[PDB]
Amino acid sequence: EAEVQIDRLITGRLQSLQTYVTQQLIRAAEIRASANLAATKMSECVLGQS
Amino acid sequence: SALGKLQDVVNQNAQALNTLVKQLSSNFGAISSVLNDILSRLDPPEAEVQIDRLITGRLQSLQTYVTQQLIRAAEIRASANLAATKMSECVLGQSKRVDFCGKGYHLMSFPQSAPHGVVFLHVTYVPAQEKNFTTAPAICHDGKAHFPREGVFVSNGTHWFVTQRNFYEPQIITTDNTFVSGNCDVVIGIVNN
Amino acid sequence: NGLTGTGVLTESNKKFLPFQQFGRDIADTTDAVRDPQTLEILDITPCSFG
Amino acid sequence: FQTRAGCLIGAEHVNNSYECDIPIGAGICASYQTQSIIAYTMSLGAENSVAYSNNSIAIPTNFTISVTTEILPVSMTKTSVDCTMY
Amino acid sequence: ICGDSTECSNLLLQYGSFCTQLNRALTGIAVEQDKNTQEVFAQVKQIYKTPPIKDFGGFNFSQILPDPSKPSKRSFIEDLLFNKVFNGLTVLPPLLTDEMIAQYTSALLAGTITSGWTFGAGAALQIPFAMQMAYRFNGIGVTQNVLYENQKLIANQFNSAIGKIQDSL
Ligand SMILES: *[C@@H]1O[C@H](CO)[C@@H](O[C@@H]2O[C@H](CO)[C@@H](O)[C@H](O)[C@H]2NC(C)=O)[C@H](O)[C@H]1NC(C)=O
Ligand SMILES: *[C@@H]1O[C@H](CO)[C@@H](O[C@@H]2O[C@H](CO)[C@@H](O)[C@H](O)[C@H]2NC(C)=O)[C@H](O)[C@H]1NC(C)=O
Ligand SMILES: *[C@@H]1O[C@H](CO)[C@@H](O[C@@H]2O[C@H](CO)[C@@H](O)[C@H](O)[C@H]2NC(C)=O)[C@H](O)[C@H]1NC(C)=O
Ligand SMILES: *[C@@H]1O[C@H](CO)[C@@H](O[C@@H]2O[C@H](CO)[C@@H](O)[C@H](O)[C@H]2NC(C)=O)[C@H](O)[C@H]1NC(C)=O
Ligand SMILES: *[C@@H]1O[C@H](CO)[C@@H](O[C@@H]2O[C@H](CO)[C@@H](O)[C@H](O)[C@H]2NC(C)=O)[C@H](O)[C@H]1NC(C)=O
Ligand SMILES: *[C@@H]1O[C@H](CO)[C@@H](O[C@@H]2O[C@H](CO)[C@@H](O)[C@H](O)[C@H]2NC(C)=O)[C@H](O)[C@H]1NC(C)=O
Ligand SMILES: *[C@@H]1O[C@H](CO)[C@@H](O)[C@H](O)[C@H]1NC(C)=O
């Protein structure tokens, strides 16, 4: 009888962990573009005159 | 006779398709992993309860695969937009953006095709073998301040010349490579010549 | 008393209220306890992992 | 050896600083030298004071032509899955 | 999911490899966080140092140059910025410390105060700071005598405007 009750917890916790991991991919793809802009500004405004 | 940024895409995609294939052998809490062995030794009312767990697990597998492909295609699109912009600005023109087309002063670029990408060959100019000199902002002559038209005033120790700023090529200071503005009593560092 | 867990117990510098029997932090994990015979409160620290 | 990334066993802690080879973390890297495995604080680069003064200038007398490569992914493999047959 | 209990851990095996995928994803995003910093800050080959006697034509960079008596050898304005902002879960440290990144920015800042834009194209070539300012005025279409005849005013405006960043932060 405890198998049926443990599976209900396993399914929920897996869902929650995988939601966490999707939203981190989507947030990291946005931090990546900001850092790519910062790297271009360091080249074009600090080591040059734009 | 290097290309790891292209091998990374190939490897990540094969590594995702392999996981999708291999999840077809989990039970997800059923009696068998193969559907025919549930169909062969069970009758519809109890085949159904076991088939539903397989459906639930395989649907979730497929959805994870598709979401992670959508996130990776958006990263490939940013790369391809950057490569389009480099093709326009580095191969079809000469750029002034620092570091956009290689390290140094961009002269030209040539494209080459790769298996799922592109290789740019950037030709740049890099200055070399610098020497030391003495400088001055302006020259004073006849109570007038003289500025270079395009260059710098440099001294080899005893004589003053004008040179262009990126290549040493000294010339005499005349009224054709300078212009006048004001007296020689306002600018900090005038020298007499 | 029914509070069940695992970890390493040390002595603490907290001060409960006479009726309070155990403490918990943000995220609601138990991080202290009172033992029902000494009337002393003890810190609970998870057992090292990595 | 105790780092800030954790406890490290089987590597000698040298005192010199090289370029980073395998990143351990919190400023520490490891490398196979000579014959053994060593762990060190990475170096950022060689130091350089510029001979700055208020009437000195450096002007180049020669140049080099440089050619360098840059590699970019454009595309990936087009795949389809029939959801029903899977 | 299970928290060190063999009953839950055996049931979990029936779900395949979901938990190797999740770890692969998190590792892939923890490596690119260090790649992000490396490409913004390691834009120098040498670590340039500024001269001991600092006469830059009236311009005063003392609130943005490193301070030895401070924590981590940060500048005065880098300090105002660092003051203003369990169960299977861990936090990994970044590869570059904060000391290393402050070192990188002080090398960029000593390269530009002292060589202009030459160090980002090759070897750093020194030039006096007001002559560099005159080149930059040429780059926006003003002539050089306009800088050299207004040097003290331009330097006072710059110093007074760097002094206001410090207040506003
Ligand atoms: C321009 O002159 C300066 C100052 O004279 C030279 O700076 C020297 O740098 C070395 C570093 O290896 C120091 O050891 C010397 O003390 C410095 N002064 C000298 C040699 O007088 C600088 O090298 C010169 N630049 C060029 C291109 O020759
Ligand atoms: C600085 O340059 C000037 C001109 O290039 C040098 O003066 C000439 O030097 C040559 C040496 O063979 C003499 O023959 C000329 O008569 C000089 N005067 C001229 C051309 O008007 C000067 O020697 C250089 N100074 C240093 C310190 O190298
Ligand atoms: C550039 O710096 C030099 C040396 O730091 C200055 O030379 C000093 O000038 C003042 C007044 O002109 C004298 O009292 C000092 O004795 C000089 N120093 C030495 C070592 O002789 C120079 O004035 C500065 N400004 C320039 C060249 O425009
Ligand atoms: C450059 O030459 C001018 C003259 O052409 C010098 O100006 C003289 O300066 C002295 C001292 O300041 C004054 O007493 C004279 O009245 C000035 N004469 C003129 C005609 O202006 C100037 O001192 C010289 N400077 C250098 C550095 O050589
Ligand atoms: C529980 O009972 C024990 C004795 O069975 C008590 O222990 C005594 O505690 C006092 C401190 O208040 C000590 O001075 C004595 O030496 C202890 N005696 C023994 C035999 O251990 C304890 O205080 C009791 N606690 C409660 C809450 O009832
Ligand atoms: C550059 O500006 C700073 C101001 O931020 C000057 O340093 C301060 O000046 C005041 C006024 O004399 C002193 O009370 C402080 O003790 C100075 N040091 C600080 C605040 O750290 C500095 O003198 C200026 N540089 C030059 C060359 O004038
Ligand atoms: C490294 O250098 C420090 C200098 O402060 C010294 O104390 C330490 O013993 C050195 N370690 C080794 C292994 O040489």
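Residues numbered from 1 in each chain as written, not as in the entry; some residues may be left out. Chains lettered and ligands numbered in written order. Part of a larger assembly, values for the part shown. Heavy atoms only, no water.

Per the PDB record, this model was obtained through cryo-EM at a reported resolution of 2.8 Å.

## Thoughts on the overall build of chain A
Note the following rule: Numbering of helices and strands runs from the N terminus, with a helix taken as a DSSP run of H or I at least four residues long and a strand as a DSSP run of E at least two residues long. The globule rule used for comparison is 2.2 Å times the number of residues to the exponent 0.38, while the radius of gyration itself is calculated over C-alpha atoms. All accessible areas in this document rest on Shrake-Rupley with a 1.4 Å probe, and a residue is counted as covered only by the protein chains that are shown. Here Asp and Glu are counted as negative and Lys and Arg as positive; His is not counted, and neither are the chain ends. The location of each charge is read from NZ of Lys, CZ of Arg, CG of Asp or CD of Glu.
Helices and strands together make up the secondary structure of chain A, namely one helix and zero strands. Over its C-alpha trace chain A gives a radius of gyration of 22 Å, far above what one expects of a compact globule, namely 10 Å for 50 residues. Taking the principal axes of the C-alpha coordinates as reference, chain A spans close to 70 × 10 × 5 Å. Taken as a whole, chain A presents about 3,400 Å² of accessible surface, with 55% of it coming from carbon and sulfur. Averaging the positions of the 5 positive and the 5 negative side-chain charges in chain A gives two centres separated by 11 Å.

## Looking at the sheet that holds strand β3 (residues 139-141) of chain B
Residue and element names in this part refer to chain B. Just so we agree on the cut-off: One bridge is not enough; two strands pair if DSSP finds at least two bridges between them.
As summarised here, the arrangement of the four strands in space is β7-β4-β3-β8, forming an open sheet in which the pairing is mixed. Only two strands of the sheet have a single neighbouring strand rather than two, namely β7 (178-180) and β8 (191-192). Inspection of the sheet shows β3 paired to β8 by two bridges, in the parallel sense. Following the sheet pairing, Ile139 is matched in β8 by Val191.

## Some thoughts on the arrangement of the chains
Operational definition: We call two residues in contact whenever any of their non-hydrogen atoms come within 4.5 Å of each other.
Inter-chain contacts occur across six pairs of chains; the most extensive set of contacts lies between chains B and D. One thing to see here is that chain C and chain D don't touch, and their nearest C-alpha atoms sit 9 Å from each other.

## A few points about the sheet that holds strand β2 (residues 32-34) of chain C
All names here are of chain C. As a reminder of what qualifies: Angles shown run from 0 to 180 degrees and are taken between the N-to-C directions of axes, each axis being a line fitted to C-alpha atoms and, for helices, limited to the stretch in contact.
Pairing is antiparallel in the open sheet, where three strands are placed in the order β1-β3-β2. Each having just a single partner strand, β1 (8-11) and β2 make up the two edges of the open sheet. The sheet shows a mean angle of 35° between the axes of neighbouring strands, direction not considered. Here four bridges tie β1 to strand β3 (residues 41-45), and the two strands are oriented antiparallel to one another. The residue of β3 that forms the bridge with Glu11 is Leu42.

## Considerations on the interface of chain D and chain B
Convention followed: A quick way to say it: buried area is the sum, across both parts, of accessible area lost when two parts are put together, with a 1.4 Å probe. We define a salt bridge as a side-chain nitrogen of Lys or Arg found within 4 Å of a carboxyl oxygen belonging to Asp or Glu. Any pair of nitrogen or oxygen atoms within 3.5 Å is treated as a polar contact; in protein, a donor-acceptor pairing is required on top of that, and neighbouring residues in sequence qualify only through side-chain atoms on both sides. Residues were grouped as follows: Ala, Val, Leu, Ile, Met, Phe, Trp, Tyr, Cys and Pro as nonpolar; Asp, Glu, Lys and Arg as charged; and all remaining residues, including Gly, as polar.
Counting from both sides, the interface comprises 27 residues of chain D and, opposite them, 51 residues of chain B. Surface buried jointly by chain D and chain B totals about 3,700 Å² across both partners, of which 62% is contributed by carbon and sulfur atoms. For the salt bridge of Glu70(D) with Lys86(B), the shortest nitrogen-to-oxygen distance reads 3.5 Å. At the surface where chain D touches chain B, the tally comes to 19 residue pairs in polar contact. The class makeup of the residues in the side of chain D that touches chain B is 15 nonpolar, eleven polar and one charged.

## Some details on the interface of chain D and chain E
Each partner contributes to the interface: chain D provides 26 residues, whereas chain E provides 23 residues. Contact between chain D and chain E buries roughly 2,200 Å² in total, counting both sides, with carbon and sulfur atoms accounting for 62%. Of all residues in chain D, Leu44(D), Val50(D) and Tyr52(D) give up the largest surface area on contact with chain E, accounting jointly for 36% of the area buried on that side. At the surface where chain D touches chain E, the tally comes to one salt bridge. The closest approach of N and O atoms between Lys49(E) and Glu47(D), which form a salt bridge, is 2.2 Å. The interface formed by chain D and chain E contains twelve residue pairs in polar contact. When residues of the side of chain D that touches chain E are traced back to their parent elements, those giving at least two are β2 (22-25), β3 (28-33), β5 (47-49) and β6 (56-73) of chain D. A per-element tally of the side of chain D that touches chain E places β6(D) first, with four residues. For the side of chain D that touches chain E, the per-class residue count stands at 14 nonpolar, ten polar and two charged. As paired elements, β5(D) and strand β1 (residues 47-49) of chain E share three bridges and run parallel to each other.

## Focus: the pattern of salt bridges
Side chains bearing opposite charge may pair, as long as their charged atoms lie close to each other. As a reminder, the rule being used: Each residue is placed in one exposure class: buried if its accessible area under a 1.4 Å probe, protein chains only, is under 20% of its type's maximum, exposed if it is over 50%, and partly exposed if it falls in between.
Counted by the stated rule, this structure contains eleven salt bridges over all chains. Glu44(A) is the partner of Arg97(B) in a salt bridge, and the nearest nitrogen-oxygen pair spans 3.2 Å. Remark: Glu44(A) occurs in helix α1 (residues 2-46) and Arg97(B) occurs in the loop between α3 (44-91) and β1 (105-114); the pair is interchain, linking two chains. Using a relative accessible area of 13% as the deciding quantity, one classes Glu44(A) as buried. For the salt bridge of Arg24(C) with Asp28(C), the shortest nitrogen-to-oxygen distance reads 3.7 Å. Among the residues examined, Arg24(C) registers a relative accessible area of 46% and is labelled partly exposed. Members of the salt-bridge network, linked through shared partners, are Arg32(A), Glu32(E) and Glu39(E).

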